[PDB]
Amino acid sequence: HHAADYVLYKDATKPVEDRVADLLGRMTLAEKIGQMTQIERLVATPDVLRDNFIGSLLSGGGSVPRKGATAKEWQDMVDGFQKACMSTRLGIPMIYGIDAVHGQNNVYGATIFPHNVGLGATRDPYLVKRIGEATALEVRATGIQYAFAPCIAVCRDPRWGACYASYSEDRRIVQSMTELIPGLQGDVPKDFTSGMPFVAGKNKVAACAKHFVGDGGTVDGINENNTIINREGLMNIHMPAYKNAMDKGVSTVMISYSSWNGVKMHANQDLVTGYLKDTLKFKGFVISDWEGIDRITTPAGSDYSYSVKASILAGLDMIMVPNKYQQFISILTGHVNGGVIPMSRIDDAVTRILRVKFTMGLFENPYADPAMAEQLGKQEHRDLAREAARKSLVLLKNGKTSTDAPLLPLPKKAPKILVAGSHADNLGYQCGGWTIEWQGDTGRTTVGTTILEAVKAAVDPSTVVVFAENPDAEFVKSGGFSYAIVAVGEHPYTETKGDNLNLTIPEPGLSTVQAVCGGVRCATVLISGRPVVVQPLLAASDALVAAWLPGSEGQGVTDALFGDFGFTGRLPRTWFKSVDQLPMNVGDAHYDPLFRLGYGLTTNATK
Ligand SMILES: *[C@@H]1O[C@H](CO)[C@@H](O)[C@H](O)[C@H]1NC(C)=O
Ligand SMILES: *[C@@H]1O[C@H](CO)[C@@H](O)[C@H](O)[C@H]1NC(C)=O
Ligand SMILES: *[C@@H]1O[C@H](CO)[C@@H](O)[C@H](O)[C@H]1NC(C)=O
């Protein structure tokens with residue numbers, strides 16, 4: 001189509017499938033295996049990226065150009081990697097992925113949205129779509145084109161350390177919240193074939209439905225473990241939202257560390273190829289989890305040759321290595337050279353990877369847009385996060401007896417009030433895991449508003465606000481306080497570090513609530529990624545709110561405490577009476593909840 005040096009795959013006017021086929025037909029085995037290889041930025045250099053024809057890079061949790069890096073520092077880092085990839089013989093751009101799972105959360109100054117369990121409490125799919133839209137903009141502000149979200153796990157046991165990453169124990173709620181996908185990617189057109197990948201253009205990102213499949217169903221909630229359930233239960237609980245993700249054009253799917261009835265998902269040809277590809281007609285790319293193929297074996301990494309053969313034959317397309325790319329590339333090249341892995345399997349993996357890259361516009365816009373930098377932490381997105389935080393709150397108690405005056409909403413004008421607890425003025429605790437660091441962190445780790453700061457912003461100027469982190473009973477009784485707001489709960493965690501068989505909050509938390517509430521009427525705000533043992537907190541408190549992990553916008557909590565809005569959140573999970581009941585789900589013979597799925601008290605906005 002015209003100029004003497006015309007190359008069809010470089011022609012932006014050609015159909016995607018024609019561009020894929022034209023490029024694939026020109027590639028060497030080294031160029032094909034390179035596309036299937038994703039590496040950490042920590043091991044990337046210009047020569048590594050060119051010499052190994054690398055297809056993708058990622059930042060793991062906390063993998064950043066430096067602490068406090070600006071949006072432009074991120075764009076310059078990503079573009080430097082891209083310039084190296086674009087300089088190869090074929091000039092195939094790399095795709096850069098990151099865990100943007102509640103905002104662009106590794107990045108300083110990014111808006112931090114509530115974690116998924118609180119979003120499930122909102123029952124508001126359109127809110128979650130808007131959160132996807134804002135998240136795409138803040139990810140593109142940093143030059144990154146690919147977000148590893150949504151987690152569509154259906155967490156069936158809150159002892160799991162990733163329960164907060166699940167919208168709900170009820171698959172129907174998880175299905176509803178797949179609206180995150182067209183938020184991040186853009187809406188698919190009217191014509192659209194389920195299972196095809198879609199991203200609208202340079203202001204959107206590729207999404208990732210994860211982790212396929214049954215990651216929320218593991219024995220005792222043990223992370224990365226075995227999910228024991230018949231096919232009927234797998235298909236009835238854990239699978240449905242993957243079909244909604246196909247219908248919405250999700251570009252990629254990430255495989256689970258978990259096993260299904262003893263078969264590693266990373267080695268499961270029947271599910272990855274037979275079901276996801278051949279039954280659901282998924283045409284995007286399938287990516288491993290981090291060292292996911294290493295973990296097929298016990299011990300992990302003890303037969304990496306088998307890990308590569310089993311995973312690639314199972315149908316995985318792109319491997320998140322993420323460090324030992326030389327070994328990965330060498331073993332896979334040997335398997336192909338030996339006839340153990342057919343060329344047809346390599347060509348399928350590369351076809352899918354290229355299909356996603358051409359579809360999303362990456363060959364047309366491989367570099368960052370400096371004009372997008374200011375999207376990072378934009379006030380409109382903070383207002384959205386504040387809306388979501390407020391909608392996520394579930395009021396569990398509002399008065400000790402049926403005849404007491406309800407404590408909430410609290411008055412903004414009072415002579416003197418107390419704000420207390422470990423979680424009242426700790427931005428890292430209110431954001432939880434996957435915030436700045438992989439495991440999250442403590443204190444003022446990014447830009448945001450703590451519960452204490454939100455209270456000071458909300459109250460009448462005549463209201464004196466006193467903060468004490470862990471006051472004793474006498475300090476409270478002598479203080480002349482009108483009421484107290486006391487915030488306690490879990491410390492930040494992610495995945496295995498969060499697996500927890502007792503689900504009791506760290507001390508001092510309960511002791512502080514008891515000291516405070518013993519001296520003055522108190523509203524307890526519980527920060528957690530899941531239900532935790534709650535009867536002692538309830539017995540002490542006049543009012544108690546499950547605020548989950550509400551993110552950077554602490555004013556969402558005070559918006560409801562002071563009656564600017566009514567409480568509307570409803571439990572997206574069962575609240576247990578004791579951990580010895582677990583697992584305990586609706587329909588079980590022993591279903592005996594402290595609070596059932598859907599429970600939530602309400603208030604009306606103050607007049
Ligand atoms: C589950 O965890 C146990 C206990 O640590 C371990 O022995 C086992 O290998 C795990 N099983 C799977 C399938 O991951
Ligand atoms: C509850 O489990 C957590 C994490 O496994 C642990 O750190 C904490 O000390 C436990 N409390 C107990 C065993 O009483
Ligand atoms: C809250 O609104 C509902 C419905 O209008 C009403 O039934 C209730 O009495 C209202 N006010 C209070 C303070 O409960």
# chains A, B, ... in the order shown; residues from 1 in each chain; ligands from 1
$ residues_around --residues "residue 250 of chain A" --least-positions-apart "4" --cutoff "12 Å" --atoms "only C-alpha atoms" --output "PyMOL selection string"
chain A and resi 146-150+152+178-188+192-200+205-210+241-246+254+281-286+356+359-360
$ residues_around --residues "residue 111 of chain A" --least-positions-apart "2" --cutoff "12 Å" --atoms "only C-alpha atoms" --output "compact mmCIF listing (two decimals) with N, CA, C and O atoms, in the first residue's frame"
# COMPACT_ATOMS: atom_id res chain seq x y z
N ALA A 100 -1.88 -1.80 39.57
CA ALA A 100 -2.74 -0.63 39.88
C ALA A 100 -4.09 -1.27 40.25
O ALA A 100 -4.97 -1.48 39.39
N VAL A 101 -4.19 -1.60 41.53
CA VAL A 101 -5.33 -2.39 42.04
C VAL A 101 -6.27 -1.61 42.96
O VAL A 101 -7.36 -2.10 43.28
N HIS A 102 -5.88 -0.40 43.38
CA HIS A 102 -6.88 0.52 44.03
C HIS A 102 -6.36 1.95 43.78
O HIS A 102 -5.95 2.63 44.73
N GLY A 103 -6.37 2.33 42.49
CA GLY A 103 -5.62 3.50 42.01
C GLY A 103 -4.25 3.00 41.54
O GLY A 103 -3.93 1.78 41.60
N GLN A 104 -3.41 3.95 41.12
CA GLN A 104 -2.03 3.67 40.66
C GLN A 104 -1.12 3.60 41.90
O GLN A 104 -0.29 4.48 42.17
N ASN A 105 -1.32 2.55 42.68
CA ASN A 105 -0.95 2.57 44.08
C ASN A 105 0.54 2.51 44.45
O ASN A 105 0.86 2.77 45.60
N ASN A 106 1.42 2.13 43.52
CA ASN A 106 2.88 2.14 43.81
C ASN A 106 3.42 3.57 43.75
O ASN A 106 4.56 3.79 44.14
N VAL A 107 2.63 4.50 43.24
CA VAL A 107 3.19 5.82 42.86
C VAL A 107 2.86 6.88 43.90
O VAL A 107 1.70 7.03 44.32
N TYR A 108 3.89 7.65 44.29
CA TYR A 108 3.70 8.71 45.27
C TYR A 108 2.71 9.75 44.72
O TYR A 108 2.87 10.22 43.55
N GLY A 109 1.71 10.17 45.52
CA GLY A 109 0.76 11.14 45.02
C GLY A 109 -0.39 10.64 44.17
O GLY A 109 -1.25 11.45 43.82
N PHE A 113 -7.80 4.46 46.05
CA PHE A 113 -9.24 4.15 46.22
C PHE A 113 -9.42 3.06 47.26
O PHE A 113 -8.45 2.35 47.60
N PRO A 114 -10.65 2.93 47.83
CA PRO A 114 -10.91 1.79 48.75
C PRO A 114 -10.53 0.46 48.07
O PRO A 114 -10.77 0.31 46.85
N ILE A 131 -14.19 4.43 38.89
CA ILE A 131 -12.89 4.20 39.53
C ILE A 131 -11.94 3.60 38.46
O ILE A 131 -10.79 4.06 38.36
N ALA A 134 -10.76 6.50 36.22
CA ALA A 134 -9.82 7.40 36.85
C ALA A 134 -8.47 6.70 36.97
O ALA A 134 -7.43 7.31 36.82
N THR A 135 -8.53 5.41 37.28
CA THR A 135 -7.29 4.62 37.46
C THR A 135 -6.55 4.55 36.12
O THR A 135 -5.32 4.75 36.10
N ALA A 136 -7.26 4.36 35.02
CA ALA A 136 -6.58 4.36 33.69
C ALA A 136 -5.83 5.66 33.45
O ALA A 136 -4.69 5.66 32.97
N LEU A 137 -6.45 6.78 33.81
CA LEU A 137 -5.81 8.08 33.63
C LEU A 137 -4.57 8.26 34.50
O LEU A 137 -3.55 8.78 34.00
N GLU A 138 -4.60 7.80 35.76
CA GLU A 138 -3.45 7.95 36.63
C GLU A 138 -2.31 6.97 36.27
O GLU A 138 -1.12 7.27 36.50
N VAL A 139 -2.70 5.79 35.75
CA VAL A 139 -1.67 4.85 35.23
C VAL A 139 -1.00 5.47 33.97
O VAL A 139 0.25 5.48 33.87
N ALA A 141 -0.79 8.58 33.29
CA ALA A 141 0.00 9.72 33.75
C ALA A 141 1.46 9.36 34.01
O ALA A 141 2.34 10.21 33.95
N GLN A 375 -2.63 14.28 35.50
CA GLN A 375 -3.79 13.46 35.92
C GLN A 375 -3.54 12.84 37.28
O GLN A 375 -4.50 12.47 37.97
N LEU A 376 -2.27 12.64 37.63
CA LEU A 376 -1.89 11.98 38.90
C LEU A 376 -2.44 12.73 40.13
O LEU A 376 -2.19 13.94 40.33
N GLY A 377 -3.20 12.03 40.98
CA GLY A 377 -3.75 12.64 42.20
C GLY A 377 -4.74 13.79 41.98
O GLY A 377 -4.95 14.57 42.89
N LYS A 378 -5.34 13.88 40.79
CA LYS A 378 -6.23 15.01 40.41
C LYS A 378 -7.40 15.12 41.39
O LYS A 378 -7.94 14.09 41.82
N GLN A 379 -7.76 16.33 41.77
CA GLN A 379 -8.82 16.51 42.76
C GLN A 379 -10.14 15.83 42.40
O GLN A 379 -10.81 15.26 43.28
N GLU A 380 -10.53 15.82 41.12
CA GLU A 380 -11.72 15.11 40.72
C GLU A 380 -11.69 13.60 41.09
O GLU A 380 -12.71 13.00 41.45
N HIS A 381 -10.50 13.01 40.96
CA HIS A 381 -10.34 11.60 41.29
C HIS A 381 -10.34 11.40 42.80
O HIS A 381 -10.85 10.40 43.31
N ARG A 382 -9.74 12.34 43.52
CA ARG A 382 -9.88 12.26 44.99
C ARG A 382 -11.32 12.43 45.43
O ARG A 382 -11.75 11.75 46.35
N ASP A 383 -12.08 13.32 44.79
CA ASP A 383 -13.51 13.44 45.12
C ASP A 383 -14.25 12.10 44.89
O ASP A 383 -15.12 11.72 45.67
N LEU A 384 -13.88 11.38 43.81
CA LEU A 384 -14.46 10.08 43.51
C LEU A 384 -14.07 9.06 44.56
O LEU A 384 -14.92 8.28 45.01
N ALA A 385 -12.81 9.05 44.98
CA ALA A 385 -12.36 8.12 46.00
C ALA A 385 -13.08 8.40 47.32
O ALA A 385 -13.42 7.49 48.03
N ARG A 386 -13.28 9.68 47.60
CA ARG A 386 -14.01 10.11 48.82
C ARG A 386 -15.47 9.62 48.79
O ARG A 386 -15.97 9.08 49.78
N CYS A 431 -4.88 2.88 54.17
CA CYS A 431 -4.78 2.38 52.78
C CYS A 431 -4.55 0.85 52.73
O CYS A 431 -4.95 0.20 51.75
N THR A 435 0.14 -0.42 48.79
CA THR A 435 0.16 1.06 48.79
C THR A 435 1.59 1.51 49.04
O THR A 435 2.09 1.34 50.15
N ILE A 436 2.24 2.02 47.98
CA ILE A 436 3.65 2.52 47.96
C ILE A 436 4.62 1.34 48.00
O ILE A 436 5.40 1.16 47.05
N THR A 446 2.16 8.83 51.54
CA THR A 446 1.74 9.44 50.29
C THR A 446 0.85 10.65 50.60
O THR A 446 0.82 11.12 51.76
N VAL A 447 0.21 11.21 49.58
CA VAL A 447 -0.66 12.39 49.78
C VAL A 447 -2.07 11.90 50.09
O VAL A 447 -2.64 11.06 49.38
N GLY A 448 -2.63 12.41 51.19
CA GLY A 448 -3.98 11.98 51.56
C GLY A 448 -4.43 12.69 52.82
O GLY A 448 -3.79 13.67 53.25
N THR A 449 -5.57 12.24 53.36
CA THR A 449 -6.16 12.89 54.56
C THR A 449 -6.51 11.77 55.52
O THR A 449 -7.32 10.92 55.17
N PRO A 550 -10.22 2.16 53.45
CA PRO A 550 -10.85 3.17 52.58
C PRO A 550 -9.95 4.03 51.68
O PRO A 550 -10.49 4.75 50.82
N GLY A 551 -8.64 3.90 51.81
CA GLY A 551 -7.73 4.58 50.87
C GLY A 551 -7.30 5.95 51.35
O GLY A 551 -7.35 6.23 52.56
N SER A 552 -6.88 6.79 50.41
CA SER A 552 -6.24 8.06 50.79
C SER A 552 -7.25 9.13 51.27
O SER A 552 -6.81 10.09 51.95
N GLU A 553 -8.53 8.97 50.96
CA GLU A 553 -9.50 10.10 51.18
C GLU A 553 -10.32 9.86 52.45
O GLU A 553 -11.47 9.43 52.43
N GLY A 554 -9.70 10.16 53.60
CA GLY A 554 -10.32 9.94 54.90
C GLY A 554 -11.59 10.77 55.13
O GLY A 554 -12.41 10.41 55.98
$ atom_distance --atom1 "atom CA of residue 387 of chain A" --atom2 "atom CA of residue 248 of chain A"
25.0 Å
$ residues_around --residues "segment 459-469 of chain A" --least-positions-apart "6" --cutoff "7 Å" --atoms "only C-alpha atoms" --output "list in words"
residues 412, 413, 414, 415, 416, 417, 418, 419, 420, 421 and 422 of chain A
$ write_last_selection --atoms "C-alpha atoms" --output "JSON list (two decimals), in the first residue's frame"
[["chain", "number", "residue", "atom", "x", "y", "z"],
["A", 412, "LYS", "CA", -20.06, 19.24, 63.98],
["A", 413, "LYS", "CA", -20.38, 21.84, 66.77],
["A", 414, "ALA", "CA", -19.40, 20.61, 70.25],
["A", 415, "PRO", "CA", -17.15, 22.21, 72.86],
["A", 416, "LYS", "CA", -14.44, 19.52, 72.85],
["A", 417, "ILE", "CA", -14.16, 16.13, 71.17],
["A", 418, "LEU", "CA", -11.64, 13.26, 71.29],
["A", 419, "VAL", "CA", -10.14, 11.46, 68.31],
["A", 420, "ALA", "CA", -8.18, 8.36, 69.36],
["A", 421, "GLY", "CA", -6.74, 5.03, 68.31],
["A", 422, "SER", "CA", -3.83, 3.63, 66.30]]
$ closest_residue --among "A:403, A:75, A:223, A:430" --to "residue 112 of chain A" --atoms "only C-alpha atoms"
A:430
$ residues_around --residues "residue 512 of chain A" --least-positions-apart "5" --cutoff "10 Å" --atoms "only C-alpha atoms" --output "PyMOL selection string"
chain A and resi 420-422+469-473+486-488+507+517-518+537
$ residues_near_ligand --ligand "ligand 2" --cutoff "8 Å" --atoms "only C-alpha atoms and all ligand atoms" --output "list in words"
residues 497, 498, 499, 500, 501, 502, 503, 504 and 506 of chain A
$ select_by_dssp --residues "segment 543-605 of chain A" --states "strand (DSSP E or B)" --output "PDB file with N, CA and C atoms, in the first residue's frame"
ATOM      1  N   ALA A 543     -21.576   3.275  68.789  1.00  0.00           N
ATOM      2  CA  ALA A 543     -21.745   3.047  67.370  1.00  0.00           C
ATOM      3  C   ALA A 543     -20.451   2.393  66.870  1.00  0.00           C
ATOM      4  N   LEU A 544     -20.605   1.568  65.835  1.00  0.00           N
ATOM      5  CA  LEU A 544     -19.426   0.936  65.221  1.00  0.00           C
ATOM      6  C   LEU A 544     -19.632   0.841  63.707  1.00  0.00           C
ATOM      7  N   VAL A 545     -18.575   1.214  62.963  1.00  0.00           N
ATOM      8  CA  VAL A 545     -18.585   1.279  61.494  1.00  0.00           C
ATOM      9  C   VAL A 545     -17.467   0.372  60.985  1.00  0.00           C
ATOM     10  N   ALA A 546     -17.816  -0.510  60.035  1.00  0.00           N
ATOM     11  CA  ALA A 546     -16.779  -1.266  59.337  1.00  0.00           C
ATOM     12  C   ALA A 546     -16.408  -0.421  58.133  1.00  0.00           C
ATOM     13  N   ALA A 547     -15.187   0.128  58.174  1.00  0.00           N
ATOM     14  CA  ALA A 547     -14.753   1.052  57.117  1.00  0.00           C
ATOM     15  C   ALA A 547     -13.835   0.409  56.095  1.00  0.00           C
ATOM     16  N   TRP A 548     -13.546  -0.868  56.308  1.00  0.00           N
ATOM     17  CA  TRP A 548     -12.653  -1.649  55.421  1.00  0.00           C
ATOM     18  C   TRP A 548     -11.306  -0.957  55.292  1.00  0.00           C
ATOM     19  N   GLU A 553      -8.532   8.973  50.956  1.00  0.00           N
ATOM     20  CA  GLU A 553      -9.500  10.104  51.178  1.00  0.00           C
ATOM     21  C   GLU A 553     -10.325   9.858  52.452  1.00  0.00           C
ATOM     22  N   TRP A 575     -20.385 -11.891  58.220  1.00  0.00           N
ATOM     23  CA  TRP A 575     -19.586 -11.694  59.423  1.00  0.00           C
ATOM     24  C   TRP A 575     -19.804 -12.863  60.384  1.00  0.00           C
ATOM     25  N   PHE A 595     -23.486 -11.294  61.586  1.00  0.00           N
ATOM     26  CA  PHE A 595     -24.235 -10.432  60.681  1.00  0.00           C
ATOM     27  C   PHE A 595     -24.234 -11.093  59.316  1.00  0.00           C
ATOM     28  N   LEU A 601     -26.912  -1.092  58.763  1.00  0.00           N
ATOM     29  CA  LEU A 601     -27.843  -0.080  59.263  1.00  0.00           C
ATOM     30  C   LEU A 601     -27.735   1.168  58.408  1.00  0.00           C
TER      31      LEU A 601
END
$ atom_distance --atom1 "atom CA of residue 129 of chain A" --atom2 "atom CA of residue 390 of chain A"
16.6 Å
